[PDB]
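Worksheet: one structure, shown below.
Bear in mind that the values in this text are calculations on the coordinates, not laboratory data. Here the Cβ positions follow ideal geometry from the backbone for every residue, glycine too, while neighbour counts run over all protein chains shown.
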Amino acid sequence: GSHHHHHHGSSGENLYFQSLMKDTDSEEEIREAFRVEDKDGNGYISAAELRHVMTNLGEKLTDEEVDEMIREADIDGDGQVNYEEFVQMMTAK
Ligand SMILES: [Ca+2]
Ligand SMILES: [Ca+2]
């Protein structure tokens, strides 16, 4: 009803990816979230931790999707998200 149209369609829907990098409550919440996601205090967000955020939102992606998602989302293609990159990834545009 309110949300549907799950068809791939011919539309690029590229702007969809930008939506993820957008939509934020408060800069403070993002900073705190990093700590919560950094349970190992490694100072880095891994797929496991990255999924925690997606799962919390109710979004469920496959194992292959996460790998490709992170790689495509990772600007430095380092396979890992850094603090400086994390903040920007959320504060992007
Ligand atoms: Ca961590
Ligand atoms: Ca990175």
Original post:
Once the Cα atoms of helix 27-37 and of the chain are each reduced to a long axis, what angle between those two axes, in degrees from 0 to 90 to the nearest 10, is obtained?
Top reply: 80 degrees
**OP:** Take every Cα pair under 8 Å in the chain that's 6+ residues apart, average their separations, divide by the length, and report that relative contact order as a whole percent.
**Re:** 33 percent
**OP:** Just rank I45, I75, fewest to most, by other beta-carbon atoms within 10 angstrom.
**Re:** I75, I45
